[PDB]
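Input: a single structure, listed below in structure tokens.
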């Protein structure tokens, strides 16, 4: 589970530098990021994604979704 | 959550002889990577992750926030 504020904090504090970052998706959705020397498990799906596109996808969770 | 939270939960976990894996279990709320980042202060815990950790460590939330 990963939300925008946690991801932005990692960027702002300098833990995530540059334009890409390793992302774990679970059930298709952004679950965590992975930094160098952090461990990934064999059944985790890892992809190198563009930081700015991760930001946009995570910001979708911040918008109000009305339902009846 | 304030920055002393990570210090409290790391020391409490070690005192209890618990692993990070034992705190995070299936990791749907918190990955072991994420817990490691919280314990060092690298990442600020969300409220929902903080209350999850408190339950796993066997203490109330108020205990780890010192009644604030």
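We place every Cβ from the backbone using ideal geometry, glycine too, and count neighbours over all the protein chains shown. Rule-based calculations on the coordinates, nothing more; no lab input.
Numbers below:
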read-out	value
Selection count, the range A:3-22, where residues are more than 8 Å from chain B (Cβ to nearest Cβ) and touching a residue at least 24 places away in the same chain (Cβ under 8 Å)	10
Identity of the residue in the range A:10-21, more than 12 Å from the chain's Cα centre (by Cα) and within 16 Å of residue B:37 (Cα to Cα), that ends up surrounded by the fewest Cβ atoms within 10 Å (Cβ to Cβ)	A:14
Tally of residues being away from every other protein chain (no Cβ under 11 Å) and either closer than 18 Å to residue B:48 by Cα or out of contact with any helix residue (DSSP H, G or I) (no Cβ under 7 Å at 6 or more places or on another chain) (or both) across the range A:23-42	6
Hits in the range A:54-68 - residues which are touching a helix residue (DSSP H, G or I) at 6+ places or on another chain (Cβ under 8 Å) and surrounded by 10 or more Cβ atoms within 10 Å (Cβ to Cβ)	A:54, A:55, A:58, A:59, A:61
Considering residues of the range A:22-34 that are loosely packed, with under 14 Cβ neighbours inside 10 Å and more than 10 Å from the chain's Cα centre (by Cα) only, the residue nearest to residue A:8 (Cα to Cα)	A:28
Search result, residues across the range A:36-45 that are surrounded by fewer than 15 Cβ atoms within 10 Å (Cβ to Cβ) and in contact (Cβ under 8 Å) with a residue 12 or more places away in the chain	A:40, A:45
